[PDB]
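Derivation of every value follows stated rules applied to the coordinates shown; laboratory data play no part. Heads up, the Cβs are rebuilt from the backbone with ideal geometry, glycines too, and the neighbour counts pull from every protein chain shown.
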């Protein structure tokens, strides 16, 4: 393992610095030479996608080549008896380790998205929007208006184009030479811009009909329709903006740094927060600012990535003139994908339909609770997507079931171990979180209470969602298995029946608990299809493990309730003090969970 070789070299380093004899020094330098050579063989986490001969791997190995050369100099020094000069070479090895190899140990999922800074900015945007005018009918209008184009970007930008554009661009980059890829991208971007322009123009023009079909209950309230349609007209261009930005993102991912495309969400965040502060007094009604803030943000996301595109010689001159020839090579991939992609959106439309006939603020409460949940979902998602998912990718590509099965069982253990706590911990600290983050002027306690009743309901979906993240790769890895679509269609029918049942008793929390239970049902159907297809057979010993995890989670839950009872009201004080009481309770509950685990026959060794 590369991590095994890495901790080996580190341990040997600290041994060299505290050494007394030339034998003790020559031995450690010798082992470090062997270990550096052997570490040259792993495909580092930042390059898991890359082939073992591409210049990225070449650069990785060259860093280690310099490492071994320095260790050879140090072995020569130690052979001449120069204990101090050998130690000097040892302490200067770290410079090479930091310069050439350290940029390759970052995770692909971590480099790809969600730096802590951008996360904090997104939370600041949600808190700022709530404080100036959140949880009203205005924010209901805006949130509906905002989600409506975010459904359409899934069919154009992220879903069908990841199905189609991402592999074909690599093919062109390798087999077809560099220059043809330019023209290829020219026509792809051209036809995309055209079809997106058709969509945005039609959507702006027919926006009232769109709101009818989406959220018809608003005509019960007075003026709700006019605001929602005006906001939708304002925010519809955003898809033509963000799909192009996504395309440029993927291209800049293929060639150069993955981080610049990841910054782009921060531009929407920044635009929204500044626009809300400095423009909301200017617009009447004021929610308009937000809507402009969206579109104003979108432009920036695009125009931020264009300059870097120039350097890699990929600045598109979007040519629309190949209606027949340029389209098909990518539109064939789109055709099979659009079924699974479109069905999924239909359900979320129907969920906003259900939410229209409720009380003013139901949509906004649901949205703020969704915004709270997004944080652990992303965190757990990326953590599991660097630890386990790449290893499963390898063990599917090469070896047969046995290894792949043992890996997948360890991963299914890990899913519960990391998600079940987080789920129930957010259940407990729902109240503290919503009040501390969102209680400010125009956000009453009632709004935080309803958002809390939705956060309880959304919590259940956390574990099911991450288990889906684990299990879906197994089917997508099989080249022609297209069942997930069937599982998704079943999930959406079940979701609509659950809402029917849950709306009466539970109001908007019913529609939220239905999504939470639906994620677990998606995971359960993928699992039952993973074990009835004979792809995987569960390892033995879960019953004891599950009971241990139950006890540890119950421990953490007990500590959280005890600390909460001590705590003062979560309204006392300003935002910093409320959030520093929350950090107290959070860190305490987390440390208590790990303490329980350690006492409950669990490991503590942590690496990377």
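Computed values, structure above
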item: Burial ordering of 483, 495, 43, fewest other beta-carbon atoms within 10 Å first; result: 483, 43, 495
item: Whole-number percent relative contact order across the chain, with pairs defined as alpha carbons under 8 Å at least 6 apart; result: 14 percent
item: Estimated D of the range 527-569 in µm² per second, where Rh is the Kirkwood radius over Cα pairs and Stokes-Einstein applies at 4 °C, 1.567 mPa s; result: 97 µm²/s
item: Paramagnetic reach from residue 323 in the range 173-209 [backbone N under 17 Å; point 7 Å along Cα→Cβ]; result: 187-188, 190-199
item: Rounded tilt (10° steps) of 325-356 against the dominant C-alpha axis of the chain; result: 60 degrees
item: Estimated FRET transfer efficiency (residue 85, residue 162; beta-carbon r; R0 56 Å; 0.05); result: 0.55
item: Packing-based exposure ordering (other Cβ within 10 Å, fewest first) of 583, 32, 567; result: 583, 567, 32
item: Stretchable slack from residue 98 to residue 449, in nm (0.36 nm times residue separation minus alpha-carbon distance); result: 121.5 nm
item: Kirkwood Rh in Å, taken over the range 107-608 so that all alpha-carbon pairs contribute; result: 24.5 Å
item: Extension reserve of the residue 524-residue 574 stretch, reckoned as 0.36 nm per residue once the Cα distance is removed; result: 13.7 nm
item: Pairwise centroid distance, computed over Cα atoms, of the range 25-44 with the range 397-476, Å; result: 40 Å
item: Helical mean residue ellipticity (222 nm; -39500 (n - 2.57) per DSSP H run of 4+; nearest 500) of the chain; result: -26500 deg cm²/dmol
item: Simple label model, 7 Å out from Cα along Cβ direction - residue 22 to residue 221, nm; result: 8.5 nm
item: Mean separation of Cα contacts under 8 Å (6+ apart) over length of the range 1-106, as relative contact order %; result: 32 percent
item: Three-way shape label, the range 1-106, alpha-carbon gyration tensor, a/c 1.5; result: prolate
item: Label-point separation in nm, residue 490 to residue 400, each point 7 Å along Cα→Cβ; result: 2.9 nm
item: Two-site FRET efficiency, residue 178 against residue 565, from Cβ-Cβ distance with R₀ of 51 Å, rounded to 0.05; result: 0.20
item: Nearest-0.05 FRET efficiency for residue 383 and residue 106, computed from C-beta distance (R0 22 Å); result: 0.95
item: For 447, 370, order by how many other beta-carbon atoms lie within 10 Å, fewest first; result: 370, 447
item: Backbone N under 20 Å from the residue 606 label point (7 Å along Cα→Cβ), restricted to the range 417-435; result: 417-426
item: Gain on full stretching of the segment that runs from residue 195 to residue 170 - 0.36 nm per residue minus C-alpha separation; result: 6.6 nm
item: Rounded to 10°, Cα long-axis angle of helix 83-96 versus longest principal axis of the chain; result: 20 degrees
